[PDB]
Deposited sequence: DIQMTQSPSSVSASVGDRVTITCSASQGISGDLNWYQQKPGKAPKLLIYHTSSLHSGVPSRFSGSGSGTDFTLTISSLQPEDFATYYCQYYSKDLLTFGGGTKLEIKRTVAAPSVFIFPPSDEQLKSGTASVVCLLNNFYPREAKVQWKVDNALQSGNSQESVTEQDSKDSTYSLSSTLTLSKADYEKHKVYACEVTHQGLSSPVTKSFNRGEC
């Protein structure tokens, strides 16, 4: 009773055919969920379409393998899809994103403000703007010392206009430790970049 949903993420264009698979180890339902919204039932009994589901969604099953197929992608179909079997159990989920060309991120760094420094805390922000694919890595360095555990980041949803992602990382230090160092930098690695890009400033 162990199901594996593959792949973890799919990138495709409007009009393509996408196949999502859920395979067991030894009927199935399919659900669709958009960011910040409740899931919707798509397929039940492996291949029956729920009320209101367009016919471009179809499911099939042969023993231990089950597939969800979307024949011609529409703009409304980009979301996360879950398979569910029966105790009920959902699969790992499959995020369907929009395909586009590789775009390197535009990197910016922001020093802490004088107003925040007067409160006793220093936050340093590194912006990665409009990149694709979503895989990106940010490394904070303070006087060539790699920082870990003192930074947090978040990524926006895929943009509705250019289908890119943006990332914002925040490095937070105390005012005392911030004043004892000079060079603050974030190094960005992305397959759209020829080499790791570093943006820095001097305190």
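Going by the record, the unmodelled stretches of the deposited sequence, in order, are 1, 28-31, 92-94, 212-214.
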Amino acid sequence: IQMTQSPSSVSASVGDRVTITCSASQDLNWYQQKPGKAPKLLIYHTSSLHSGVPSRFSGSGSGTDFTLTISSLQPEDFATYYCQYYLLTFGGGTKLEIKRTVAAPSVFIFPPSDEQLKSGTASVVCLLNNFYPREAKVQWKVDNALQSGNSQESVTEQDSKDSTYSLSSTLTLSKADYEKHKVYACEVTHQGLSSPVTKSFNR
From here on, numbers count along this sequence of modelled residues.
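Here 163-171 and 49-57 are compared by their mean Cα B-factor, and 49-57 comes out higher. A summary of the deposited B-factors shows that, of 136-144 and 59-67, the stretch with the larger mean C-alpha value is 59-67. Residue-level temperature factors show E97 in the middle third of its chain, judged at the C-alpha atom. In the deposited entry, the Cα temperature factor of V10 sits in the top third of values across the chain's modelled residues. Annotation for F90: C-alpha temperature factor in the highest third relative to the rest of the modelled chain, per the entry.
In this PDB entry, the Cα temperature factor of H190 sits in the middle third of its chain's modelled residues. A38: CA B factor lies in the highest third for its chain, per the PDB record.
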